Every structure is written in structure tokens, then in C-alpha cells.
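A.B. asks: Pasting an experimental structure with its sequence.
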Amino acid sequence: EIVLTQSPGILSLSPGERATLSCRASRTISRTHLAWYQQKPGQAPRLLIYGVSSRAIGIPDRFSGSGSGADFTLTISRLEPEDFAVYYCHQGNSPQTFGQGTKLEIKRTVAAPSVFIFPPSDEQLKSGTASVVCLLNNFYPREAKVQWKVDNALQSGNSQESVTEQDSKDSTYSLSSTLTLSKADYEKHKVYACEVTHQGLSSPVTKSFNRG
Amino acid sequence: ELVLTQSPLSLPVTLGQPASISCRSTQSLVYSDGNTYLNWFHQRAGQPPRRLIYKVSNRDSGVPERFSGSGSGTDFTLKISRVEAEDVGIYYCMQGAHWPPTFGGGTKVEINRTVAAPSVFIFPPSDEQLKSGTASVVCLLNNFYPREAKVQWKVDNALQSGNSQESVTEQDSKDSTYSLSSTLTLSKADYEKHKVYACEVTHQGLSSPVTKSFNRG
Amino acid sequence: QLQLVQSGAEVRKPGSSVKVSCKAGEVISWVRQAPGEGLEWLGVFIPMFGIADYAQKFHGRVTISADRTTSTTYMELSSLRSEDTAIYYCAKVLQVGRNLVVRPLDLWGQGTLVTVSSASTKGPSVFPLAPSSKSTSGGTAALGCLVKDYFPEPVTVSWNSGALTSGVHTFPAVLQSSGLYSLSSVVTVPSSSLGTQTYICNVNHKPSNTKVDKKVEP
Amino acid sequence: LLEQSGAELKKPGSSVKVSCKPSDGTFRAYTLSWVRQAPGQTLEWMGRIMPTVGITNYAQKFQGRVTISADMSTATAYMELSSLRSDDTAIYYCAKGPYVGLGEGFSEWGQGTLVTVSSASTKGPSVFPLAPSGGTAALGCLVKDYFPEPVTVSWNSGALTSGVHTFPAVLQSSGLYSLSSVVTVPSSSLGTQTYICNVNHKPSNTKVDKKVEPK
Amino acid sequence: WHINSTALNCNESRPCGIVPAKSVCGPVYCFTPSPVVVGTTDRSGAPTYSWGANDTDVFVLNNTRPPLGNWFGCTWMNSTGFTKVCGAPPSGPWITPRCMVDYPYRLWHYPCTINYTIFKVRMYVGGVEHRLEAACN
Ligand SMILES: *[C@@H]1O[C@H](CO)[C@@H](O[C@@H]2O[C@H](CO)[C@@H](O)[C@H](O)[C@H]2NC(C)=O)[C@H](O)[C@H]1NC(C)=O
Ligand SMILES: *[C@@H]1O[C@H](CO)[C@@H](O[C@@H]2O[C@H](CO)[C@@H](O)[C@H](O)[C@H]2NC(C)=O)[C@H](O)[C@H]1NC(C)=O
Ligand SMILES: *[C@@H]1O[C@H](CO)[C@@H](O)[C@H](O)[C@H]1NC(C)=O
């Protein structure tokens, strides 16, 4: 079985520059049977480079692959808004393994998130459960941190996060953390906070509310 | 359908002298593809066989020039120009011309250097063995030749029989000697009833039988 | 024969076997992709010889079938588990060189979502995420809908029947510990129109035949 | 070099599997044969397997009672010998024959696997030293009451190999085996050097390093 | 037989020795007289699994007469689509002036034998018994 290690994990470049992706292997991939694919969020993959140097039909001349042996490189001559996506390399033998992928995102000015918190609705409390939602909108980079505070007590293992794909209008991520409790445990406390830490925030911003 | 006769079965030759082993089959070993497939093998004691001759005239690597094979059809011959102390053990002829591939009967080769007397040693039993139910006395014969050797156990100068075990080694490829070890197994209660234990060794190289004994017991 | 199609999405329970059709030529292949995970190579198939190779991982439970006449290459995975929940793609290998199966795949199917879970098909429970005039940042308030406890994927959420698109963020669905999915869709609007504008989220869950219009108010 | 499985004691009627592993760890183009040698008999060829292509051929004697299987990506060849009998105890070798086929013989041989068949139980060996004249000094180390064979003895951890003599095993009336091992060393080094015989019995899975001292 | 080591090099569709896998398509069949498939193999190496793409994949078909040696001879289909043979039959593998060895890809390698009849025959070579399938007229 072959393993395909791609570097780097996430590439952050601006439209107009040039990208250089690497697909290091552990064993030689037969003779130039290596392929490259791009995948946009919500779509099937697309074949860019085949045979490590040949270009596929309809693929613009900006893309170009190179390398041989265990080291391979795919280089986009000039990045445009339609090129930022996840790229995979495809290898010559029975395993026919794939890479884990590299994310190409637009490098943008560090934007601080807009923190909104939502108490659980009364229609949900009548069902026996209580979910507290915390909203982070239009921030960059993607690396963000949230910590729930039920009566100022640091919670753990009872919340799930969800991050949107990078927007195309302003190239910003969005996160939503949902703190799930029971109807009994929700009415046992009064303070429910949401501590947010981010690069664009000099001080950790906390949005909280009280029952009432 | 087919059988191989290995003659002679035991070929004792003096050191530094020619020696030939004949291997005769019943059918011709020329086979269909015209290549005569007969092989010779050397086996030592304790080691697996190794190939010396992969075709009737073809010598395998790592084998001295003193070896050579001959013959064609039914009669074959493995001749040794100079016999050294290294060339001891069993020799087999293998035929791969007719299914199934069988090995020869085996030819044990013995060297004829003579007149080597044994250095007889005796070992009293260990205390840990006396702590157990039975105890054993060991008599040793080291670097002797010929193999013919007669050891007798004298318990309080009286002959013993029926409870002694002898173990003879293979002929050493280094100096062409033998080694024999005797073991007298008896209970501890029957061990205390005597004081002097002895083993008397008679051999061709010894004019008078040598005996080693210990007075404790 | 401009492009090939695939079978519709389906949901199965553990231990069952699911089949996916691929209707459209040589070297039809198959791959899958877990949600937010790299692609895994499934067995490839030759129409000329009718025999198919497979990967080591699932070789004992993958079978590739092919239909005569029209290209309807099948794909059956036996002994399904929670790890197999992914979207499966069939693909044709293009511009084959001397070697038949070695050349890469070109076109792909639309994608068949296979969900392996023990939970049953349940409609969503839409709860309103009420806005607040104090949490605003620059005169922009936030309000949304909490699509909770539904199965299986997917679900579509729109606002004002598509009239409100700017500032709408519909987060991907998270898989709760009970086996059901939970989704949240928010939208940013100016604080001045909180008492004068009507905001309704249009939640549509096709697998359960459930459509709910929920009115969000402060 | 060819690795092989260890010694085994199997009661009559059961089966036995002997492994054969190449030193390279990858199979190549050669035919792998299985040759045994019964006590007091000539070498008997059992079967041949071509592991690169998967062709097996057995002799008419062991037909239906022997099966040779080789596993790929593991670099091991197995010999399943079912329906054992008291006459089937022997030393089993795995020999490398040319991919061309048998006929030219075997270039490399296995180390030898001694499979013993008996209804008696497996017993571990007890060791007893021999306290230290032909011009030299003697020194021994005795192994008694072990079953089944074999037993390997190394003096000084594989360092003392000159002058060693390991006697063959002898059968006792109680059904147990016993072997001795003696070396000859000068008398000057009797008080300035210690000797430690290492005894290993694979079925017993016990290794003892008794120390001999002149008394 | 495994398709992992099977050479697929189809385009626009006497001593055996060794054959490069770049010029063969479909399985390589050899007859002991019993049919045996040989997988793609490195030059005196482990069986490779590349569908005969890699340029070092070959077919080690070194041959000796079959009673105690390798298969009689091998037959296969090559890239252009011609039946290439080697060794000696038990043209095609004939065990009898009017009988061929039946194997899955017999019809593909020799289409002229499509109207042949299939029988279950016994062939004794050396001292080993072979129960194979035969296609006769
Ligand atoms: C496949 O086999 C065929 C027949 O053996 C090859 O065709 C021959 O090629 C040689 C090349 O010099 C010509 O001289 C012969 O006239 C051809 N024979 C026929 C019947 O056309 C073919 O070349 C082989 N495939 C490859 C890769 O060469
Ligand atoms: C077939 O594939 C194997 C594995 O990728 C190649 O083996 C490598 O060969 C190179 C060059 O001879 C060596 O430096 C490597 O050490 C080999 N790798 C391994 C894992 O053995 C082989 O070269 C390929 N054949 C061809 C013709 O490209
Ligand atoms: C196969 O035959 C060729 C040609 O005679 C020879 O060069 C090669 O060494 C042989 N390989 C094996 C593994 O027998």
C-alpha cells in the first residue's frame, strides 16, 4: 500500500499569485501514472493533470504538473477566484491510494467575528430539551475558539461546532456552536455565557444572557 | 518403478586418499530436454544437507576442487581426489529425472587414522540430583579412536550391568576422533549402600584398562 | 452520451447491502468520500473482461456488477457500518494509454449519498432563534432558525421564499449522539426593521415529506 | 538462509503446521519443496509448491494427508500434515528448488524442524552440573528428564565454542531423554574463569543458565 | 488466479523463457496440462500488482518438461490482438490430435474452436493424475 503525503495542509494565497503544491510519496509510483484533481465544495472532483505533465481537455494553461519518483509538484501559473479549492493527487499499482488533500483559501485581512448568542426557544422547552446557540460570523482566519460558561462554569463535551465554507464575496468563515442541555438542567442555572477567542480579537469577547 | 542403489553403503578411507561413491539407477536419467538431472548432497550430523554437485559433471560454488562427478545413463560415480578431515558424514545421490524425486540410500564416510586412546574422566553426581529421587554418575571418554570401546562400571569393585547408558558422538570433522559418555542411573537409597564407584575403560589404544574412581559415596 | 448519471440517494441500516446504478467507453470505476474527509478508492471495473479488481480494505464485501446493452454499472457494498456513510461516485477513465485500467478517471456521476444508521426517518422540529437589539454590531441584528432532530440528510432552508439571500448563513448539519442531525440557519438584518419586516425561514425536508414555515420575531 | 518453525509434540490423530520463511521477506522465482527424514531412514520428498504461481504437487504416499499452503504478503510457507501417526515423526526440511523445477535439486535448505508424535506429556528439563586426567581438565553440564527432543546447549552465551562436545540424546526406561555436554580447558583457568551452560527446550519454553564451579 | 497481477495492455481492440508484460493483454495461461494462470512478476521477483503498466513487470515463463517440471507451454493474447505461444503443446495446447485443453479464455485465444465439444478427460503425465477439461471435435 502506498501513502501520499501532501504539503502543505492549507495554503493561503491571494488572487494573482502562484501556488506550489507537493505530493510526496513513500514508494515510486510506477512510471508517471499520477493524476491531480480539484474539488469545489458541493461538487464532484475534476481532473486537472494526468501523467504528471499532460493537461486534460478544457483545463486552462495555468495548471502544470511536474516531478518524478517520490516527489511531485503541481503549480498553478496564476491564481484566480475559480482556482481556490481542495486538491488531491491520484496514483500505478493495486492500492491506487489517494492523498488527504490541500485546501487553497484566499488570504484576507484578519477580521474579528461578530458574536451573537441565542437563548433556547419556548417551543423547544415545551419538548423537554434546551439548546443554546452561539454565532460567529464573517471572521478570518478559520482558527477560532469558543468556550461555554453555564453559571460561569467552563463546560466540555456537551457542545458541537459547525463551520461554513469560505465565502466567495468576502472570503470569511462562519461558526455556530450549539450547547445541548436538558429542560431540568437549563432551569437550574441563570447565567449562560459564550467566550470567544480569535486572532482579530485583542480581548476575549463574551456574549451572555440571563433567563428572563 | 524406479530405484537407486548407492554402493558402497559404508566407505572407510584413509586420510589423503581417493574415494569413489557409485550411484546406479534403473532407467536413463537423460530426460526429455536432454539434460541429465542427477545431484549429490553432503549431510553432516546436526546440519541440513547442502548441494555439492547439481549435475553429473557440474560443480556447485563454495565446494573445493577435490570433488567431481561422472557417469551417464544408469551408472554414476562421485569421486573425491583428496579426502580431508572435513569430508565426513552421509552422502546422498538425488535423481530428478523421474517423478517422484527420491534420494539415495546414503553413504557414511569414515576416516582411518588410528591408535587414539581416550582421556577418561569421571564425574560424581551433583547434590541437587541427590536431593531428588535418583542420582546419576557420569563417565567420560574424550578424543579417542577407533569407535570400538568397552566401559564397565565397578560399584565397590563389583561388576554392574543393566543400569548404564552409553552415548557415542558422531565422528568429529576436526581431528577424526570420537567421544563416549556413560551414565549410571540409580536411586539415592541404593546410592548410599556403596562407597567406591569406578568406571573401567578398555580400548585398543590402551595396553592395560584405565580406571578412574572416587572413594566418596 | 454527453455525461453519465447515477442512482438516487438511499439510507440503509447496518448489515444491509446497498446498490448504486451508474447509467451513461471503458474502465468504469468507483470512489467514495466521507463528509469532510479525503477520497477513498473503491474497486475499478473493465467492460471488456467483465471482472473487477478491488481495494484491500473492503475486498471481502464489495461487488461490482455491470449490465449488458446500456451502460448501467452497478455497485453493491455488503455488511454496511457507520463508517461507510458517504457519497459514492462512479467515473469513466478517459484517453486510455497502452494499459487499460491504469489511465485516470475523467467524468464523474452526480453523487449518491448512502447513509448507514439505525435511526428512522423523522421530520425536523424548527425552533426560532430570536434576535436581540442589544447584541447588534453596527446596526446589524442576527436571527435564525434551529432545524433540530431530523433524519436523514439533506434539508433545505430558505428565507422569505428566496427573497432574502444576502447575509444568509446555513451551517452544515452536525450528527448528534442520538443518531439524528441538527442544523442551524441564521441571517443578519438591520435592527431598525426588526418590528416592521417579516422574517420566515422555509424548511423543506424531502425524505420525510415535511415542509414548515416558521416566523421569527423578537 | 531459510527460517523454519520450532519443534512440536502432537498426539496421534491431530495435525501439525510447519512454517518456512525466507530471509528476504519477499517471495521470488523458486520452487519450495518439503523433505523429511525419518529416524534411520533416507530422505523422503513430500511435496513441492511454486509460491509465485500457486502450483502444488504432492507425492503419492502423503496424498490426501498433506497440504502445502503459502501465504503472500507474509513470506511464509506452511505444511499441513494431518492424520499423524507414530511413524510420521521425523525432521522436516523446507528446501529451495529452482523455479525451473525440481531435477537440479535444492540450492538452500531449511534449518530442520523435529516434529514428535507421542501420547506422553511434555516435560521440562532439569539440569545438574558436573564438577571438574589426559593432560587437561574436564568440565561438564548434564541435562536429565526432558521430553521431547531436541535440546540445544551453548557454552558461555555462544562465546565458548572451541572444545565443546554435545552428546546425542539417550532414551531412558521412564520414557525421558538425557544428554550431556563436556568441554576440556586448562587447569590454570579453573579458578580464573567461570562457565555457564545455556539450555533451551522449545516445548518447555524454559531456559536455565546453571553455573559450574570446581569443588 | 488474481487480476491484481494480471497484465492489461490492450490497444485498438519457441523456448518460453521470459516475456515483457508491456506487450500482452489478458491473462497468461500455461498448461501442466491443467490450466494455470501466471501473474505479472518482477524480473526474478515478487508478483507485482500493477495490471502490467510498470515497465519492469514481466512474465517468468521459464520452462522444463512437465512430468516433474513446469507447464508444457504457455499461450496468451498480446497488445495488437494476436495469439502468441511458447514452449511445446501437451500452435495451441494439444493433448490429442483432435483435443485441446479447455480453459476460460480458450474461445478468446482460439476462436476457431468455438464449435468444439467439451469432455472431462484424464491425462497421466509421469506418475501424477490430472483431471482436466478438454475441447474436442
Ligand atoms: C503481437 O503479436 C503479433 C504477431 O506475433 C505481432 O505482429 C507481428 O509484428 C512483427 C514485427 O516485426 C511483424 O514482422 C509481423 O508481421 C507481425 N505479425 C502479424 C501477423 O501481423 C505484434 O507486433 C505483437 N504486438 C506488438 C506489441 O508488437
Ligand atoms: C515498478 O514499481 C516498483 C515500485 O515502485 C519500482 O521499484 C523501485 O525501483 C527503483 C528503481 O530501480 C528503486 O530505486 C526502488 O528502490 C524500487 N522500489 C521498491 C519498493 O522496490 C520499479 O522500478 C518499477 N519499475 C519500473 C520499470 O519503473
Ligand atoms: C529464467 O530463464 C532466464 C533465461 O534462461 C534466465 O536468465 C533466468 O536466470 C531464469 N530465472 C529463474 C528464476 O530461473
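C.D. replies: Yep, it's here. Numbering: from 1, shown residues only, chains lettered A, B, ... in the order given. Ligands and ions are numbered 1, 2, ... in the order given.

A.B. asks: Domain map for chain C?
C.D. replies: C:5-116, C:125-216 (curated CATH domains).

A.B. asks: wait, which of those is closest to residue E:43?
C.D. replies: Residue E:43 lies closest to domain C:5-116 among the domains of chain C, at 18.7 Å (Cβ to Cβ). Just so you know, the C-beta spots here come from the backbone N, C-alpha and C atoms, and that holds for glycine as well.

A.B. asks: Pull the contacting residues for residue 27.
C.D. replies: No chain in the question, so chain A it is. By Cβ atoms under 8 Å, 6 or more residues apart in numbering or on different chains, the residues touching residue A:27 are A:2, A:70.

A.B. asks: I was thinking of chain E, sorry if that wasn't clear
C.D. replies: E:1, E:6, E:37, E:76, E:105.

A.B. asks: Next: residue A:179.
C.D. replies: Residue A:179 sits next to A:131-134, A:148, A:150, A:155, A:158-159, A:192 when contact means Cβ under 8 Å, 6+ apart.

A.B. asks: just those that are near chain C?
C.D. replies: A:131, A:133 (Cβ under 8 Å from any Cβ of the partner chain).

A.B. asks: For the contacts of residue A:179, give me a markdown table that also has secondary structure, neighbour count and distance to ligand 3.
C.D. replies: Formatted as a markdown table, the contacts of residue A:179 follow (DSSP: H, G, I helix; E, B strand; the rest coil; neighbours: other Cβ atoms under 10 Å in any protein chain shown; distance: Cβ to the nearest ligand atom, whole Å):
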| residue | secondary structure | neighbour count | distance to ligand 3 |
| --- | --- | --- | --- |
| A:131 | strand | 22 | 69 |
| A:132 | strand | 21 | 72 |
| A:133 | strand | 21 | 70 |
| A:134 | strand | 24 | 69 |
| A:148 | strand | 20 | 68 |
| A:150 | strand | 19 | 73 |
| A:155 | coil | 14 | 67 |
| A:158 | coil | 13 | 65 |
| A:159 | strand | 18 | 64 |
| A:192 | strand | 25 | 75 |
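
A.B. asks: hang on, the earlier thing: including mean neighbour count and distance to ligand 2, could the domains of chain C go into TSV?
C.D. replies: What follows is the domains of chain C, written out as TSV (neighbours: other Cβ atoms under 10 Å in any protein chain shown; distance: least, Cβ to the nearest ligand atom, whole Å):
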stretch	mean neighbour count	distance to ligand 2
domain C:5-116	18	12
domain C:125-216	18	39
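
A.B. asks: Which of those sits closest to chain D?
C.D. replies: With distances scored as Cβ to the nearest Cβ, the stretch of the domains of chain C nearest to chain D is domain C:5-116 (9.3 Å).

A.B. asks: how about the closest one, does it reach chain A?
C.D. replies: Yes - Domain C:5-116 reaches chain A (Cβ under 8 Å from any Cβ) through C:31, C:38-41, C:44, C:53, C:55-56, C:89, C:94-95, C:102-106, C:108-111.

A.B. asks: in chain A, what residue is nearest ligand 3?
C.D. replies: Closest approach between chain A and ligand 3, counting by Cβ to the nearest ligand atom: residue A:93, at 22.3 Å.

A.B. asks: ok, for that residue, nearest residue in space, not its chain neighbours?
C.D. replies: Distance criterion Cβ to Cβ, 6 or more residues apart in numbering or on different chains; nearest residue to residue A:93, sequence neighbours excluded, is residue E:50 at 4.6 Å.

A.B. asks: thinking again about what came up before, which one of the domains of chain C lies nearest to residue A:62?
C.D. replies: If you check each of these against residue A:62 by Cβ to Cβ, domain C:5-116 wins as the nearest, at 19.3 Å.

A.B. asks: So what's the gap between the closest one and the chain middle?
C.D. replies: The chain centroid and the centroid of domain C:5-116 are separated by 16 Å, computed with Cα atoms, centre = their mean, to the nearest Å.

A.B. asks: Quick one: end-to-end distance for that domain.
C.D. replies: 22 Å (Cα to Cα, to the nearest Å).

A.B. asks: and it, is it in reach of chain D?
C.D. replies: No - between domain C:5-116 and chain D, judged by Cβ under 8 Å from any Cβ, nothing touches; the nearest distance is 9.3 Å.

A.B. asks: and the residue nearest the centre of chain E, what is it in contact with?
C.D. replies: Geometric centre of chain E, nearest residue: residue E:29, 1.9 Å, by Cα atoms, centre = their mean. For residue E:29, the contact set (Cβ under 8 Å, 6+ apart) comprises E:35-38, E:74-76, E:103, E:105, E:109.

A.B. asks: So which of those residues are in strands?
C.D. replies: Among these, the members found in strands (DSSP state E) are E:35-38, E:74-76.

A.B. asks: ok, of the residues you listed, which one's closest to chain B?
C.D. replies: Closest approach to chain B among these (Cβ to the nearest Cβ): residue E:74, at 16.2 Å.

A.B. asks: beta partners of the nearest residue to that closest one once chain neighbours are set aside?
C.D. replies: Among residues not flanking residue E:74 along the chain, residue E:30 sits closest, at 4.0 Å (Cβ to Cβ, 6+ apart). For residue E:30, the beta-bridge partners are residue E:36, residue E:74 (DSSP bridges).

A.B. asks: For residue E:30, give me its contacts.
C.D. replies: By Cβ under 8 Å, 6+ apart, residue E:30 lies in contact with E:36-38, E:61, E:70-75.

A.B. asks: Select only the buried ones of those in PyMOL?
C.D. replies: To isolate the buried members of these in PyMOL, using 16 or more other Cβ atoms under 10 Å in any protein chain shown:
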select buried, chain E and resi 36+37+38+61+70+71+72+73+74+75
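
A.B. asks: Among the contacts of residue E:30, find me the one that's closest to residue A:122.
C.D. replies: Using Cβ to Cβ, residue E:37 comes nearest to residue A:122 of the contacts of residue E:30, at 71.7 Å.

A.B. asks: Can you get me a residue count around the nearest residue to that closest one once chain neighbours are set aside?
C.D. replies: For residue E:37, ignoring the flanking residues on the chain, the nearest one in space by Cβ to Cβ, 6+ apart is residue E:1 at 3.6 Å. Neighbour count of residue E:1, defined by other Cβ atoms under 10 Å in any protein chain shown: 17.

A.B. asks: so what's residue E:1 up against?
C.D. replies: Contacts of residue E:1 by Cβ under 8 Å, 6+ apart are E:27, E:37, E:39.

A.B. asks: correct me, but the second one touches residue E:31?
C.D. replies: What that stands for is residue E:37. No - with contact defined as Cβ atoms under 8 Å, residue E:37 does not reach residue E:31; the gap is 10.9 Å.

A.B. asks: circling back: now distance to residue A:30 too, for the domains of chain C, in JSON lines please.
C.D. replies: Shown next, in JSON lines, are the domains of chain C (distance: least, Cβ to Cβ, whole Å):
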{"stretch": "domain C:5-116", "distance to residue A:30": "8"}
{"stretch": "domain C:125-216", "distance to residue A:30": "38"}
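
A.B. asks: These: which one's closest to ligand 3?
C.D. replies: domain C:5-116 (24.6 Å).

A.B. asks: Number of residues surrounding the closest residue to residue C:130 other than its chain neighbours?
C.D. replies: Nearest non-adjacent residue to residue C:130, counting by Cβ to Cβ, 6+ apart: residue C:218, 5.9 Å away. Around residue C:218 there are 13 other residues, counting by other Cβ under 10 Å.
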